[PDB]
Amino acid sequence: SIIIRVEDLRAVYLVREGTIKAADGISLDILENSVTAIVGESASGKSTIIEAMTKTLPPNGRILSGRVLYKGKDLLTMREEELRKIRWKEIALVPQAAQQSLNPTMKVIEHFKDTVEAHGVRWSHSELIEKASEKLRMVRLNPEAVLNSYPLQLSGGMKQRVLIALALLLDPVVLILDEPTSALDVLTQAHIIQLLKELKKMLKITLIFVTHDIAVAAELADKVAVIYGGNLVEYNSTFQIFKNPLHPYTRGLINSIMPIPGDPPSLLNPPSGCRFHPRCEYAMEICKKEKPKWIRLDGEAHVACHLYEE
């Protein structure tokens, strides 16, 4: 099943000198119990697509065009009365360094309460302790010690565990995670990934997560979506991506993983057509005159590249 269809998503950042065209025309289908990874280098639009999808864009960011369908109904253009029932309950989002959203003069139990309260639902404080403890366990934490401690007393690994437990609180059907594992030593990064695998199996959920490390994606993901300068450049299954990477940018990555000449594109003044052309070794005239069309190819596979066709 497709649990989420992103259709033609244009979302930009309004800035003094014009617009920032991160997330520029973005269409992809999330399989209903999959793990999809969104991958790309620093400052390439990952968090921007995530935010656009969740209507969590800053005051700054504005959505120009497109739909996102959950259960065939468009999240953008939804009555906030109809949005509030979908939020933590169904779709849930632990965002880039949401640790910072943990005010540190507060016991964790309070960030749970704050969350629960905010999203409507009314639970007896003791009941809340129950549920919270339960998900804290799911994430392999000491419910007692943790709920009753202050953020500052927790490791980044533990803060991360807490954040996830928080997201799971209301048994969501989709869980979305942004750079879940960055700023986080090797080992504990490994433990988070393990944990993510555990919950993957132990729960019935669609899991979308963002990362800049392809390795991490292949550790975790079924399908993989590569983004380059505000564009969805390619979308295959993990194994296929490594086996048969289509976009020249992607190929480059995979090879560079067995160090690509060029600098990343200005997102204010991007290059024309295919933003990868200035670095692409297969660059052509049509590549500068025209944005390659997002296309379907063979099986799970999608590319946006002039080299290819139906």
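Residue positions are given as counts along the sequence shown, with the first one as 1.
Per the record, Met258 and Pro259 are separated by a gap of 10 or more residues from the deposited sequence that were not modelled. Of the two segments, 102-110 and 234-242, the one listed with the higher mean B-factor is 102-110 (C-alpha atoms only). Between 33-41 and 262-270, the higher mean Cα B-factor belongs to 262-270.
As recorded in the entry, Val116 carries the highest CA temperature factor of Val224, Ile208, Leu196, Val116. You'll see in the entry that, of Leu177, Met202, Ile91, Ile214, the Cα B factor peaks at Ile214. When the CA B factors of the chain's modelled residues are split into thirds, the value for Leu136 lands in the middle one. In the PDB entry, a CA B factor belonging to the middle third of its chain's modelled residues is recorded for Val173. Sort the modelled residues of the chain by CA B factor and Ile86 lands in the highest third. Split the chain's modelled residues into thirds by C-alpha temperature factor. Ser65 is in the highest one. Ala283 sits in the highest third of its chain by CA B factor, as recorded in the PDB entry.
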